[PDB]
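What follows is a single chain, given as structure tokens, in the form deposited in one PDB entry.
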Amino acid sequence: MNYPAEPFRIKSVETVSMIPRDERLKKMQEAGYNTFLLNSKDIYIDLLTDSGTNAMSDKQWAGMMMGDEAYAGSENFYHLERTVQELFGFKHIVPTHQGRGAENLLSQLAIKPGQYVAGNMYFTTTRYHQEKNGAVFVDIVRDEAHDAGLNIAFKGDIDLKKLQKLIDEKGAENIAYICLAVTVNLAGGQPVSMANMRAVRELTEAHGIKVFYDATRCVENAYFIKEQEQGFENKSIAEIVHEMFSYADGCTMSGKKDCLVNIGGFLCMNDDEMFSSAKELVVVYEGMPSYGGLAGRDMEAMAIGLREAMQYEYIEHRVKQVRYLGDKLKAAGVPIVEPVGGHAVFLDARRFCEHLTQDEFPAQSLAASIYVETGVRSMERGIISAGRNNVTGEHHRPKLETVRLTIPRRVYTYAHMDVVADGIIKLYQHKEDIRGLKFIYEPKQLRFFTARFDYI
């Protein structure tokens, strides 16, 4: 059934400014046409990211009042611990303040310099921590994942042949681990099949290679398996999640995504020796094995939220709400990355703004247009975010020139989705009018965060 009603009601609301177009235009200009510079208080619908922006439940808020704030041995940690062991089925769990804290720990524990880490594409923080610790990254995703127009299921799947080739050519001893991400963010949030997770587990296990999941959107992933993978029709979301992780040696998790919280993450593993070493390192960067840089109340909220995420109707609606936005855009001819993923819709700004060269920052400009026309903030994921080559001074020119409409969980309705869609569709119907942008201030680093622009 295409678009279910919200399987929840509103307990409480977040106050927003409903400032009109003329005032939004002034805010956009004061932000140098960079949506990253906009004030939260000036935004109606904020689709910058689905990270940490989720609406919690009444049950989680009750948990928020029961924070056992002890430095060691907090009841909230034990709740988190037993929840994650039950639901993910790992032996050991170390909390971290969010996903990149867990990635820091994992890559220091699991990588010898010179070794390879192979994955289904990559995410920036994850790959950074791998490389920082001496790894060489190797993309082993299926070639299809790089074709953003290709409508196929389980587009996040690892190519077993590529994995085999890496094993044959570099040797198993020289592969630190396989980093299998669910879903695959860089491909537009594409799911990985259970068949693929099993095949990868089976090949790596034969060579004694470890597999660690980047589990950030593992619940959206489980919903795709439920919906589209033959034989998972009688399985609960919890059963699918538990089976997914049975094919890994551990994971890095951002609770800020699929655990329905505003902060929080953790590291899981099965190996006792690695657990011991991880506990030795968490104290350096995060905090105790029993708080890991989180307040007691946040371990509690994340424990409760991960269990809420198992509800079929919740995750079905989460994914289908994103789908609604994608479908509506596609029906109007708006160019998007296909198929639509679990967490976001990516506009193809290259095609949307065909009259503009990449050097005129079509994605950055389209994101500015969207905020002005609708009060919606979206994220530039194109040439600006790619940054400038420091050696040569040339832009990094990504194949993907996109605007990301990233959907927080349980925050918005289908009517908000219409606001976004109708506005983008209206812009599309006169897309030729969207003006190119030029730098007026460009920092040396992290340019996407603070750069300012004006129209050409």
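So that the term is clear: the rigid core is the largest set of C-alpha atoms that superpose within 1.5 Å between two forms. Numbers for residues come from their place in the sequence shown, where the first is 1.
Form deposited in another entry: not shown, discussed below.
Student: Core aligned, which of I336, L87, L109, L356 has the Cα that shifts 2 angstroms or more between this form and the one not shown?
Tutor: None of the others reach 2 Å, which leaves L356.
Student: Aligned on the rigid core, do the two forms place the Cα of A222 2 Å or more apart, comparing between this form and the one not shown?
Tutor: Stays below the 2 Å threshold, so no.
Student: If I superpose the two forms on their rigid core, does the C-alpha of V391 end up displaced by 2 Å or more between this form and the one not shown?
Tutor: Yes, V391 moves 2 Å or more.
Student: If we fit on the core, is the Cα of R142 displaced 2 Å or more between this form and the one not shown?
Tutor: No: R142 shifts by under 2 Å between this form and the one not shown.
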